Amino acid sequence: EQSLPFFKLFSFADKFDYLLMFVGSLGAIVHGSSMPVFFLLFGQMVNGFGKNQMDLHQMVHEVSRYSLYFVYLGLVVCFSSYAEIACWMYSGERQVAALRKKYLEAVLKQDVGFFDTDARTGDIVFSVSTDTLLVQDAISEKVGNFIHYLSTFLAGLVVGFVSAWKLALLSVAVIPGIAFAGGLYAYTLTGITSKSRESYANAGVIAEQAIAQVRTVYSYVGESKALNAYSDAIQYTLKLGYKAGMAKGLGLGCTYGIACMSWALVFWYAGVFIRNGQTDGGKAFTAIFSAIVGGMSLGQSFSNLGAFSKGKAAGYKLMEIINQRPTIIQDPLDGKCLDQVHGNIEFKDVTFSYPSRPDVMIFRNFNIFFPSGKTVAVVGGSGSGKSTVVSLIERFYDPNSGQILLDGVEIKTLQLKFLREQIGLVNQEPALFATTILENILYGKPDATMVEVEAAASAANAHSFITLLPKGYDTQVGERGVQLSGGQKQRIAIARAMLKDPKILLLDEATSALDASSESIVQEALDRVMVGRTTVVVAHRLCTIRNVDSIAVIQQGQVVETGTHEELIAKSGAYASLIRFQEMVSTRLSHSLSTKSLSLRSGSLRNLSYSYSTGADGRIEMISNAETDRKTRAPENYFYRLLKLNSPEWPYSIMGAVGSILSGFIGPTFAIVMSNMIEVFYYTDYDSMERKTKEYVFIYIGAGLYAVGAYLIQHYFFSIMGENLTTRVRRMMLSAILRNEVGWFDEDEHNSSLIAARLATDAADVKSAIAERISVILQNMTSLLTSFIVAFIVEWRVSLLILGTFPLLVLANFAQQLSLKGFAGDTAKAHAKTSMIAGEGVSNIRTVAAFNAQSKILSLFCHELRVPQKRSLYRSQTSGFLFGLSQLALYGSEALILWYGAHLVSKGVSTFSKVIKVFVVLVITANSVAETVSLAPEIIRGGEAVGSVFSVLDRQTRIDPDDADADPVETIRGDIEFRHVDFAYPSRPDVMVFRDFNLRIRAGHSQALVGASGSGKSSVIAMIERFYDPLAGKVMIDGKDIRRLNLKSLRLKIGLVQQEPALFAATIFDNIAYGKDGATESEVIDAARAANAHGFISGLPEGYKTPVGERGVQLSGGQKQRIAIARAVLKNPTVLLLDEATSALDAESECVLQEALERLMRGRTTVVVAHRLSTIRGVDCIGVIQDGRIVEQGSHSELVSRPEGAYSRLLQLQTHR
Ligand SMILES: CC(C)[C@H](C)[C@@H](O)[C@H](O)[C@@H](C)[C@H]1CC[C@H]2[C@@H]3COC(=O)[C@H]4C[C@H](O)[C@H](O)C[C@]4(C)[C@H]3CC[C@]12C
């Protein structure tokens, strides 16, 4: 939407952060203008190094002096790279840790009705969690990289032009010839990747329907031809992935062919400007190098502007809640405070609707009255706003038309520390904050004593169960060490509402846990506190309502009838039907936040975002998302396994490993030709400096064509090898997902949106683990290897001191590559315990608003942000100092090589152009050896988070769909029998609805297992075919054990009809032929005319063909059911399995099954399940299931001849319309 300016992000800065930024921006400039000053000190050295070739005593003076200037330079990079990291990492924290402390003083004071779950309480939690890490990343340390590399651009054009100005206008005019083709590569490379994401979305729904509809894919045995349609929609992404590698070889070959055809330019006119008597070799070495690293260093300053715009986007979403003004606030001076309350709450002509949406009407002309010291029961028959009255006495909402008065005093003239203090609240699923179980009791009263805490939990059935825990009333209720994790939480929350002693006592519908004898223990606990209190009882079910002494019932906007439970039960006026209605009878945020986290982290790395889960039943768990270090490593023998899978392509690596050694030879060849022209620049024969600088230019032309035909080989090959590996893995993963049991798909983190992404991204970076980490190892170990053979043949007494100095040159060139991406490191991990305290004080705000606990959540927040600051005080003084010390050894150890270089020449041993060739080669080599030691952990350390796709390859399924040691099935006659069998759902193993079930179904008959009010009715058809396994006992079919038979040989003559039918993304000719392999045209027309939709299939535009899955014509719920019954009649099964539940038919003028009851049940053994007692006339037998057993069985002529049984209770439900 909108955005702030870049300033006003620096508006929480106190009078101490205007001092850490003044110092911290003199560190960023003096460290900036010290690489173009290095090119002036090293430039003036060579003037004295080789000018003085005839006087070997002036050499020792003018190199011993300029070597001392490197140590004086290294001590100004020592104390100025320390002052841009120890003053921007720490002063970017004290400004953002005062943004968190005022954003939470804003969302504790807004009106409580601002949060009604409508992507609102799932948005304030996300804004405090991630949007305060984007304002931190924008102002903390990437401002130091914006000043650093900009000042090199402004001081690379001042050292350059002052030395020799006719060479700082050639070298500047080169850079738009390199950056032209250096960005045309980066344009066309994106122009093919976007043709790959579009070429994959054809197969992004084929591996999406085959998992979300897995019950149908296993029922009709067609889990093989979801692999002959997924394989051929990857072959059009492989072939598009080949010419996205050729456009990487011709995008790096035409950059070393413009770079190495441009050093020949600036080194030719240096050979002219010296022959005219204008410059020398130390004023043409300064002008060229200072104006290129000055010109190349704008590509790093403008890399920070991507992060300075998210900090203006996320900066405005925070700064429109901090300065938002709410209505219902506390007036400490313009607000009264009474005494000796009585509690006669009265609603006097109040009308109200929700201010989120004023469409519906809730309390149109509403009038109820509350006595003093009595109980009422405000109850509706439906959602008539019966749960709204507790949200209005608390003044969570003002009544927009009406008045509410306490003892003849309107509540709009009282302060919100005296009104909310007198009312207690006990609600749905009572909120306990993840602290000790002693501090939760002290929310109802902050400080009285210890002995009243024990007396409060005494008369609440709580004094014992918090002593049967092996500590002194102290248990971390979030960290599930010793769990009071029953469905009956031992209700300490009722003990909160007793210690507070509220006069008005709002109770709520706190019987919503499938009540039993456990919920009757807390029932008398509520019955013993309700004395002398003006209390209400809001109830949803009238089972425990039997002793309430003045009940009032509302239906629509007002109360219908009042009185005690002698005259309310009388007269049958709108109460007898409601008690008849009694006789006829979170985890949403974490799924919502992860979808907001999905497709929003494509640029933010794994050190800044989170990954939201459900955790325990205390908090909302926030994983720091830097779990790639110490969570779920790969198998240790993976790198040999991923080479065994990728070995029919051996001739595409031998053509690439003898094509990646040839690119290691552009490392010495750049540094030998360039370090021979410093020699040539100091001749004194001006027609032998000419015909030797012609040879050193034709090599630059002849090595800008060697770099074209040695990157087309390195990157085209090793992309034939890298795309026949992310094609064989994706086919070996779908063929191993579609083999498991059905219960693995039932789990929440294995749904069909976290499993079609593991085939799109997590299996697409096996290319970047065994093909992009052998190319940059064979290259970098033949550039390290042939530049330590040149350096020893030329001169070996200097290149043995560099070899002892070489761990220090490769360390200083390694710390200059961590600094490009910040030294902060995993900044979402320290601010994780802090964020959950803001996370639990937003979603539990209806318990923070009562008890006046809006200052103790803030004092668990300012007392705890002290730890992630003193973590970021030691990390910013160590990382700032060790970076400022490793740079002292880069400049301070080139002073030792060059001084010892002038100790061997002056004693007659060496010469010039043998000390420089040893120096130039072994420093440019050390710049790319510290790239090999940067990808060195990620090979050993478990690969990475995408090299661990072996959980889907190596996972032994509980049910094996095919065997060799199992006899197949020839012909089923139908002998369905359940022996002594119990069963539980493996998703939630506490559900135990099956207890020793038994049936016996004879061939050529039917079965009519009734609904019985949803007592686990939809699991008999989930065991005739093995979608699950029983816990004990045998399932007998056709006289044989079912776990001894070939599963694919059995399912091709047992066909179900789905509860909720959905179709595949194809025509209506495949979706009616998917259930029969081989038949084409003859019996497909007539089987379409069985759930006769023939005018529906003749009246259709393109004959039979029409898209019905997606992006075509849309069908109704009554017409999609007609398609699924056309499948089963073409398959012609032996055991039919119908399923009807939760009134999902919805087909008025019912003729889709009036035809199908008598046509599809001719010789088929059917098992019908339906909750409706209509169109269920099983002509053979009928049964009733209760508690995992049958209670009554037989045909429908002896079940009705018996007087009651249990079927007569179901017979009442026909008149219960
Ligand atoms: C005086 C130098 C020899 C100095 C000691 C040396 O440390 C220097 O800082 C090195 C690391 C730099 C100076 C100039 C740089 C080059 C200047 O920019 C270029 O022309 C590019 C072209 C291309 O991008 C190459 O891959 C790197 C290459 C060719 C750069 C590679 C590294 C350098 C050669």
# chains A, B, ... in the order shown; residues from 1 in each chain; ligands from 1
call {"tool": "residues_around", "arguments": {"residues": "range 544-561 of chain A", "least_positions_apart": "4", "cutoff": "10 Å", "atoms": "only C-alpha atoms", "output": "PDB file with N, CA, C and O atoms, in the first residue's frame"}}
result
ATOM      1  N   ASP A 349     -33.145  -1.505  27.079  1.00  0.00           N
ATOM      2  CA  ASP A 349     -33.407  -1.156  25.675  1.00  0.00           C
ATOM      3  C   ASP A 349     -32.105  -0.956  24.896  1.00  0.00           C
ATOM      4  O   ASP A 349     -31.779   0.137  24.430  1.00  0.00           O
ATOM      5  N   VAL A 350     -31.347  -2.040  24.782  1.00  0.00           N
ATOM      6  CA  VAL A 350     -30.051  -2.028  24.119  1.00  0.00           C
ATOM      7  C   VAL A 350     -30.179  -2.746  22.787  1.00  0.00           C
ATOM      8  O   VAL A 350     -30.606  -3.905  22.739  1.00  0.00           O
ATOM      9  N   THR A 351     -29.815  -2.061  21.707  1.00  0.00           N
ATOM     10  CA  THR A 351     -29.663  -2.681  20.401  1.00  0.00           C
ATOM     11  C   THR A 351     -28.192  -2.651  20.018  1.00  0.00           C
ATOM     12  O   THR A 351     -27.480  -1.692  20.325  1.00  0.00           O
ATOM     13  N   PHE A 352     -27.739  -3.707  19.346  1.00  0.00           N
ATOM     14  CA  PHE A 352     -26.314  -3.869  19.101  1.00  0.00           C
ATOM     15  C   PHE A 352     -26.092  -4.832  17.944  1.00  0.00           C
ATOM     16  O   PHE A 352     -26.822  -5.813  17.793  1.00  0.00           O
ATOM     17  N   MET A 361     -28.151  -8.550  12.619  1.00  0.00           N
ATOM     18  CA  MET A 361     -28.650  -7.882  13.817  1.00  0.00           C
ATOM     19  C   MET A 361     -28.701  -8.915  14.935  1.00  0.00           C
ATOM     20  O   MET A 361     -29.195 -10.028  14.730  1.00  0.00           O
ATOM     21  N   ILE A 362     -28.188  -8.556  16.109  1.00  0.00           N
ATOM     22  CA  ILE A 362     -28.028  -9.519  17.196  1.00  0.00           C
ATOM     23  C   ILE A 362     -28.999  -9.247  18.340  1.00  0.00           C
ATOM     24  O   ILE A 362     -29.710 -10.149  18.791  1.00  0.00           O
ATOM     25  N   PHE A 363     -29.079  -8.002  18.809  1.00  0.00           N
ATOM     26  CA  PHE A 363     -29.843  -7.687  20.013  1.00  0.00           C
ATOM     27  C   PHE A 363     -30.921  -6.640  19.776  1.00  0.00           C
ATOM     28  O   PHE A 363     -30.988  -5.654  20.511  1.00  0.00           O
ATOM     29  N   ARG A 364     -31.757  -6.835  18.758  1.00  0.00           N
ATOM     30  CA  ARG A 364     -32.806  -5.875  18.418  1.00  0.00           C
ATOM     31  C   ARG A 364     -33.849  -5.804  19.532  1.00  0.00           C
ATOM     32  O   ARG A 364     -34.620  -6.750  19.725  1.00  0.00           O
ATOM     33  N   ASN A 365     -33.860  -4.673  20.252  1.00  0.00           N
ATOM     34  CA  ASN A 365     -34.770  -4.361  21.363  1.00  0.00           C
ATOM     35  C   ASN A 365     -34.650  -5.407  22.478  1.00  0.00           C
ATOM     36  O   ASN A 365     -35.581  -6.148  22.792  1.00  0.00           O
ATOM     37  N   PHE A 366     -33.463  -5.432  23.076  1.00  0.00           N
ATOM     38  CA  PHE A 366     -33.085  -6.454  24.043  1.00  0.00           C
ATOM     39  C   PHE A 366     -33.268  -5.923  25.461  1.00  0.00           C
ATOM     40  O   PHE A 366     -32.832  -4.809  25.771  1.00  0.00           O
ATOM     41  N   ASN A 367     -33.905  -6.724  26.318  1.00  0.00           N
ATOM     42  CA  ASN A 367     -34.147  -6.340  27.709  1.00  0.00           C
ATOM     43  C   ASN A 367     -34.112  -7.582  28.588  1.00  0.00           C
ATOM     44  O   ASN A 367     -35.002  -8.432  28.495  1.00  0.00           O
ATOM     45  N   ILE A 368     -33.092  -7.682  29.442  1.00  0.00           N
ATOM     46  CA  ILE A 368     -33.031  -8.673  30.509  1.00  0.00           C
ATOM     47  C   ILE A 368     -32.596  -7.967  31.787  1.00  0.00           C
ATOM     48  O   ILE A 368     -32.065  -6.856  31.760  1.00  0.00           O
ATOM     49  N   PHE A 369     -32.828  -8.628  32.918  1.00  0.00           N
ATOM     50  CA  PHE A 369     -32.469  -8.074  34.214  1.00  0.00           C
ATOM     51  C   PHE A 369     -31.794  -9.147  35.054  1.00  0.00           C
ATOM     52  O   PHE A 369     -32.144 -10.327  34.966  1.00  0.00           O
ATOM     53  N   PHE A 370     -30.826  -8.728  35.868  1.00  0.00           N
ATOM     54  CA  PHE A 370     -30.053  -9.615  36.718  1.00  0.00           C
ATOM     55  C   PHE A 370     -30.282  -9.257  38.181  1.00  0.00           C
ATOM     56  O   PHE A 370     -30.111  -8.090  38.561  1.00  0.00           O
ATOM     57  N   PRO A 371     -30.665 -10.208  39.023  1.00  0.00           N
ATOM     58  CA  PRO A 371     -30.890  -9.916  40.441  1.00  0.00           C
ATOM     59  C   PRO A 371     -29.570  -9.863  41.206  1.00  0.00           C
ATOM     60  O   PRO A 371     -28.484  -9.966  40.639  1.00  0.00           O
ATOM     61  N   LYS A 374     -27.952 -13.989  42.861  1.00  0.00           N
ATOM     62  CA  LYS A 374     -28.733 -15.072  42.284  1.00  0.00           C
ATOM     63  C   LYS A 374     -27.999 -15.636  41.071  1.00  0.00           C
ATOM     64  O   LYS A 374     -26.928 -15.162  40.689  1.00  0.00           O
ATOM     65  N   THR A 375     -28.586 -16.664  40.466  1.00  0.00           N
ATOM     66  CA  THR A 375     -28.063 -17.273  39.250  1.00  0.00           C
ATOM     67  C   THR A 375     -29.091 -17.116  38.142  1.00  0.00           C
ATOM     68  O   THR A 375     -30.297 -17.185  38.399  1.00  0.00           O
ATOM     69  N   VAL A 376     -28.622 -16.891  36.917  1.00  0.00           N
ATOM     70  CA  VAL A 376     -29.476 -16.926  35.738  1.00  0.00           C
ATOM     71  C   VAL A 376     -28.839 -17.850  34.710  1.00  0.00           C
ATOM     72  O   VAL A 376     -27.693 -18.277  34.848  1.00  0.00           O
ATOM     73  N   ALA A 377     -29.603 -18.155  33.664  1.00  0.00           N
ATOM     74  CA  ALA A 377     -29.122 -19.015  32.585  1.00  0.00           C
ATOM     75  C   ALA A 377     -29.582 -18.418  31.261  1.00  0.00           C
ATOM     76  O   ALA A 377     -30.649 -18.771  30.754  1.00  0.00           O
ATOM     77  N   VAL A 378     -28.764 -17.538  30.696  1.00  0.00           N
ATOM     78  CA  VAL A 378     -29.040 -16.909  29.412  1.00  0.00           C
ATOM     79  C   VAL A 378     -28.652 -17.906  28.330  1.00  0.00           C
ATOM     80  O   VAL A 378     -27.465 -18.171  28.112  1.00  0.00           O
ATOM     81  N   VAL A 379     -29.648 -18.467  27.651  1.00  0.00           N
ATOM     82  CA  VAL A 379     -29.429 -19.542  26.692  1.00  0.00           C
ATOM     83  C   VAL A 379     -30.344 -19.334  25.487  1.00  0.00           C
ATOM     84  O   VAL A 379     -31.499 -18.918  25.627  1.00  0.00           O
ATOM     85  N   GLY A 380     -29.793 -19.551  24.293  1.00  0.00           N
ATOM     86  CA  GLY A 380     -30.561 -19.597  23.074  1.00  0.00           C
ATOM     87  C   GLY A 380     -30.605 -21.004  22.497  1.00  0.00           C
ATOM     88  O   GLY A 380     -29.972 -21.936  22.987  1.00  0.00           O
ATOM     89  N   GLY A 381     -31.379 -21.139  21.425  1.00  0.00           N
ATOM     90  CA  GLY A 381     -31.480 -22.410  20.738  1.00  0.00           C
ATOM     91  C   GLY A 381     -30.447 -22.536  19.640  1.00  0.00           C
ATOM     92  O   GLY A 381     -30.120 -23.640  19.194  1.00  0.00           O
ATOM     93  N   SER A 382     -29.928 -21.397  19.201  1.00  0.00           N
ATOM     94  CA  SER A 382     -28.939 -21.331  18.136  1.00  0.00           C
ATOM     95  C   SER A 382     -28.056 -20.120  18.411  1.00  0.00           C
ATOM     96  O   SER A 382     -28.031 -19.598  19.531  1.00  0.00           O
ATOM     97  N   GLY A 383     -27.329 -19.667  17.394  1.00  0.00           N
ATOM     98  CA  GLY A 383     -26.469 -18.510  17.548  1.00  0.00           C
ATOM     99  C   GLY A 383     -27.216 -17.193  17.593  1.00  0.00           C
ATOM    100  O   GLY A 383     -27.112 -16.377  16.673  1.00  0.00           O
ATOM    101  N   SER A 384     -27.979 -16.976  18.663  1.00  0.00           N
ATOM    102  CA  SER A 384     -28.713 -15.738  18.879  1.00  0.00           C
ATOM    103  C   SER A 384     -27.938 -14.742  19.731  1.00  0.00           C
ATOM    104  O   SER A 384     -28.550 -13.868  20.353  1.00  0.00           O
ATOM    105  N   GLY A 385     -26.616 -14.856  19.777  1.00  0.00           N
ATOM    106  CA  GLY A 385     -25.818 -13.963  20.593  1.00  0.00           C
ATOM    107  C   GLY A 385     -25.801 -14.313  22.062  1.00  0.00           C
ATOM    108  O   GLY A 385     -25.677 -13.417  22.908  1.00  0.00           O
ATOM    109  N   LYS A 386     -25.925 -15.598  22.396  1.00  0.00           N
ATOM    110  CA  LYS A 386     -25.875 -16.015  23.791  1.00  0.00           C
ATOM    111  C   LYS A 386     -24.464 -15.979  24.364  1.00  0.00           C
ATOM    112  O   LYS A 386     -24.311 -15.875  25.585  1.00  0.00           O
ATOM    113  N   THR A 511     -18.363 -26.256  29.568  1.00  0.00           N
ATOM    114  CA  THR A 511     -18.552 -27.702  29.430  1.00  0.00           C
ATOM    115  C   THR A 511     -18.561 -27.947  27.920  1.00  0.00           C
ATOM    116  O   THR A 511     -19.616 -28.019  27.286  1.00  0.00           O
ATOM    117  N   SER A 520     -17.725 -33.782  35.749  1.00  0.00           N
ATOM    118  CA  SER A 520     -18.629 -33.629  36.880  1.00  0.00           C
ATOM    119  C   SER A 520     -17.893 -33.311  38.172  1.00  0.00           C
ATOM    120  O   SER A 520     -18.522 -32.849  39.131  1.00  0.00           O
ATOM    121  N   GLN A 523     -17.878 -29.734  38.106  1.00  0.00           N
ATOM    122  CA  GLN A 523     -19.242 -29.216  38.121  1.00  0.00           C
ATOM    123  C   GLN A 523     -19.644 -28.773  39.521  1.00  0.00           C
ATOM    124  O   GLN A 523     -20.209 -27.689  39.702  1.00  0.00           O
ATOM    125  N   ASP A 527     -20.362 -25.191  41.588  1.00  0.00           N
ATOM    126  CA  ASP A 527     -21.553 -25.111  42.423  1.00  0.00           C
ATOM    127  C   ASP A 527     -21.259 -24.625  43.836  1.00  0.00           C
ATOM    128  O   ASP A 527     -22.189 -24.200  44.528  1.00  0.00           O
ATOM    129  N   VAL A 536     -23.993 -15.303  36.362  1.00  0.00           N
ATOM    130  CA  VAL A 536     -24.742 -15.856  35.247  1.00  0.00           C
ATOM    131  C   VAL A 536     -24.170 -17.235  34.944  1.00  0.00           C
ATOM    132  O   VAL A 536     -23.094 -17.603  35.413  1.00  0.00           O
ATOM    133  N   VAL A 537     -24.911 -18.011  34.158  1.00  0.00           N
ATOM    134  CA  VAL A 537     -24.428 -19.277  33.611  1.00  0.00           C
ATOM    135  C   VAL A 537     -24.802 -19.269  32.133  1.00  0.00           C
ATOM    136  O   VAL A 537     -25.964 -19.486  31.778  1.00  0.00           O
ATOM    137  N   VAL A 538     -23.832 -18.994  31.271  1.00  0.00           N
ATOM    138  CA  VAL A 538     -24.046 -19.114  29.834  1.00  0.00           C
ATOM    139  C   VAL A 538     -23.806 -20.567  29.448  1.00  0.00           C
ATOM    140  O   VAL A 538     -22.730 -21.115  29.705  1.00  0.00           O
ATOM    141  N   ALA A 539     -24.810 -21.198  28.847  1.00  0.00           N
ATOM    142  CA  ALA A 539     -24.745 -22.620  28.551  1.00  0.00           C
ATOM    143  C   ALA A 539     -25.167 -22.873  27.113  1.00  0.00           C
ATOM    144  O   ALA A 539     -26.001 -22.155  26.557  1.00  0.00           O
ATOM    145  N   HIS A 540     -24.574 -23.905  26.516  1.00  0.00           N
ATOM    146  CA  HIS A 540     -24.946 -24.369  25.186  1.00  0.00           C
ATOM    147  C   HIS A 540     -25.800 -25.627  25.222  1.00  0.00           C
ATOM    148  O   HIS A 540     -26.689 -25.790  24.380  1.00  0.00           O
ATOM    149  N   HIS A 565     -37.701 -23.209  37.044  1.00  0.00           N
ATOM    150  CA  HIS A 565     -37.839 -24.450  36.282  1.00  0.00           C
ATOM    151  C   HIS A 565     -39.023 -25.282  36.777  1.00  0.00           C
ATOM    152  O   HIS A 565     -38.916 -26.472  37.072  1.00  0.00           O
ATOM    153  N   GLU A 566     -40.177 -24.627  36.897  1.00  0.00           N
ATOM    154  CA  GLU A 566     -41.454 -25.308  37.077  1.00  0.00           C
ATOM    155  C   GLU A 566     -42.451 -24.753  36.072  1.00  0.00           C
ATOM    156  O   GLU A 566     -43.304 -25.482  35.556  1.00  0.00           O
ATOM    157  N   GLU A 567     -42.344 -23.454  35.792  1.00  0.00           N
ATOM    158  CA  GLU A 567     -43.195 -22.787  34.820  1.00  0.00           C
ATOM    159  C   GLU A 567     -42.514 -22.570  33.477  1.00  0.00           C
ATOM    160  O   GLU A 567     -43.204 -22.315  32.485  1.00  0.00           O
ATOM    161  N   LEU A 568     -41.185 -22.668  33.423  1.00  0.00           N
ATOM    162  CA  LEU A 568     -40.498 -22.688  32.136  1.00  0.00           C
ATOM    163  C   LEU A 568     -40.712 -24.019  31.428  1.00  0.00           C
ATOM    164  O   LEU A 568     -40.967 -24.054  30.218  1.00  0.00           O
ATOM    165  N   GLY A 573     -44.387 -23.507  25.565  1.00  0.00           N
ATOM    166  CA  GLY A 573     -44.211 -22.359  24.700  1.00  0.00           C
ATOM    167  C   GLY A 573     -42.763 -22.077  24.362  1.00  0.00           C
ATOM    168  O   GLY A 573     -42.060 -21.434  25.148  1.00  0.00           O
ATOM    169  N   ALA A 574     -42.326 -22.563  23.191  1.00  0.00           N
ATOM    170  CA  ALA A 574     -40.969 -22.384  22.651  1.00  0.00           C
ATOM    171  C   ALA A 574     -39.882 -22.878  23.606  1.00  0.00           C
ATOM    172  O   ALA A 574     -38.778 -22.330  23.640  1.00  0.00           O
ATOM    173  N   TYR A 575     -40.190 -23.897  24.406  1.00  0.00           N
ATOM    174  CA  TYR A 575     -39.197 -24.506  25.280  1.00  0.00           C
ATOM    175  C   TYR A 575     -39.239 -26.020  25.136  1.00  0.00           C
ATOM    176  O   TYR A 575     -38.220 -26.697  25.307  1.00  0.00           O
TER     177      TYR A 575
END
call {"tool": "residues_near_ligand", "arguments": {"ligand": "ligand 1", "cutoff": "7 Å", "atoms": "only C-alpha atoms and all ligand atoms", "output": "count of residues only"}}
result
10
call {"tool": "residues_around", "arguments": {"residues": "residue 851 in chain A", "least_positions_apart": "5", "cutoff": "7 Å", "atoms": "only C-alpha atoms", "output": "ChimeraX atom specification"}}
result
/A:420-421,443-444
call {"tool": "write_last_selection", "arguments": {"atoms": "C-alpha atoms", "output": "short mmCIF file (atom, residue, chain, number, x, y, z; two decimals), in the first residue's frame"}}
result
data_model
loop_
_atom_site.label_atom_id
_atom_site.label_comp_id
_atom_site.auth_asym_id
_atom_site.auth_seq_id
_atom_site.Cartn_x
_atom_site.Cartn_y
_atom_site.Cartn_z
CA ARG A 420 -13.15 -4.90 35.17
CA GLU A 421 -11.69 -5.53 38.64
CA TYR A 443 -3.08 -12.79 38.30
CA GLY A 444 -6.41 -12.74 40.14
#
call {"tool": "atom_distance", "arguments": {"atom1": "CA of residue 595 in chain A", "atom2": "CA of residue 124 in chain A"}}
result
15.6 Å
call {"tool": "atom_distance", "arguments": {"atom1": "CA of residue 163 in chain A", "atom2": "CA of residue 922 in chain A"}}
result
27.2 Å
call {"tool": "residues_around", "arguments": {"residues": "residue 1071 in chain A", "least_positions_apart": "6", "cutoff": "8 Å", "atoms": "only C-alpha atoms", "output": "MDAnalysis selection string"}}
result
chainID A and resid 1063:1064 1123 1127
call {"tool": "write_last_selection", "arguments": {"atoms": "N, CA, C and O atoms", "output": "CSV table (one decimal), in the first residue's frame"}}
result
chain,number,residue,atom,x,y,z
A,1063,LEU,N,-13.4,-35.0,-9.4
A,1063,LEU,CA,-12.9,-35.6,-10.7
A,1063,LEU,C,-11.5,-35.1,-11.0
A,1063,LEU,O,-11.0,-34.1,-10.3
A,1064,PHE,N,-10.9,-35.7,-12.0
A,1064,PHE,CA,-9.5,-35.3,-12.3
A,1064,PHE,C,-9.5,-34.3,-13.4
A,1064,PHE,O,-10.5,-34.0,-14.1
A,1123,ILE,N,-21.3,-38.9,-12.1
A,1123,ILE,CA,-20.1,-39.4,-12.8
A,1123,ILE,C,-19.5,-40.5,-12.1
A,1123,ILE,O,-19.1,-41.5,-12.7
A,1127,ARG,N,-18.5,-44.9,-13.0
A,1127,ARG,CA,-17.2,-45.6,-12.9
A,1127,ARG,C,-17.5,-47.1,-12.5
A,1127,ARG,O,-17.1,-48.0,-13.1
call {"tool": "closest_residue", "arguments": {"among": "A:1145, A:500, A:338, A:974", "to": "residue 442 in chain A", "atoms": "only C-alpha atoms"}}
result
A:500
call {"tool": "closest_residue", "arguments": {"among": "A:394, A:1030, A:218, A:96", "to": "residue 852 in chain A", "atoms": "only C-alpha atoms"}}
result
A:394
call {"tool": "closest_residue", "arguments": {"among": "A:891, A:1104, A:1028, A:465", "to": "residue 73 in chain A", "atoms": "only C-alpha atoms"}}
result
A:891
call {"tool": "residues_around", "arguments": {"residues": "range 169-174 of chain A", "least_positions_apart": "3", "cutoff": "10 Å", "atoms": "only C-alpha atoms", "output": "list in words"}}
result
residues 157, 160, 161, 164, 165, 166, 177, 178, 179, 258, 259, 262, 263, 265, 266, 269, 287, 288, 289, 290, 291, 292, 294, 295 and 296 of chain A
call {"tool": "select_by_dssp", "arguments": {"residues": "range 417-505 of chain A", "states": "strand (DSSP E or B)", "output": "list in words"}}
result
residues 423, 424, 425, 426, 504 and 505 of chain A
call {"tool": "write_last_selection", "arguments": {"atoms": "N, CA and C atoms", "output": "CSV table (one decimal), in the first residue's frame"}}
result
chain,number,residue,atom,x,y,z
A,423,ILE,N,-15.4,-8.1,38.1
A,423,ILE,CA,-16.1,-9.1,37.3
A,423,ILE,C,-15.0,-10.2,37.0
A,424,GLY,N,-15.4,-11.5,37.3
A,424,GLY,CA,-14.5,-12.6,37.0
A,424,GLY,C,-15.0,-13.3,35.8
A,425,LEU,N,-14.1,-14.0,35.1
A,425,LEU,CA,-14.3,-14.7,33.8
A,425,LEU,C,-13.7,-16.1,33.8
A,426,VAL,N,-14.5,-17.1,33.5
A,426,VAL,CA,-14.1,-18.4,33.3
A,426,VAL,C,-14.7,-18.9,32.0
A,504,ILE,N,-19.7,-9.6,40.8
A,504,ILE,CA,-20.3,-10.1,39.5
A,504,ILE,C,-19.4,-11.2,39.0
A,505,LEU,N,-20.0,-12.3,38.7
A,505,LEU,CA,-19.3,-13.5,38.3
A,505,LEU,C,-19.8,-14.0,36.9
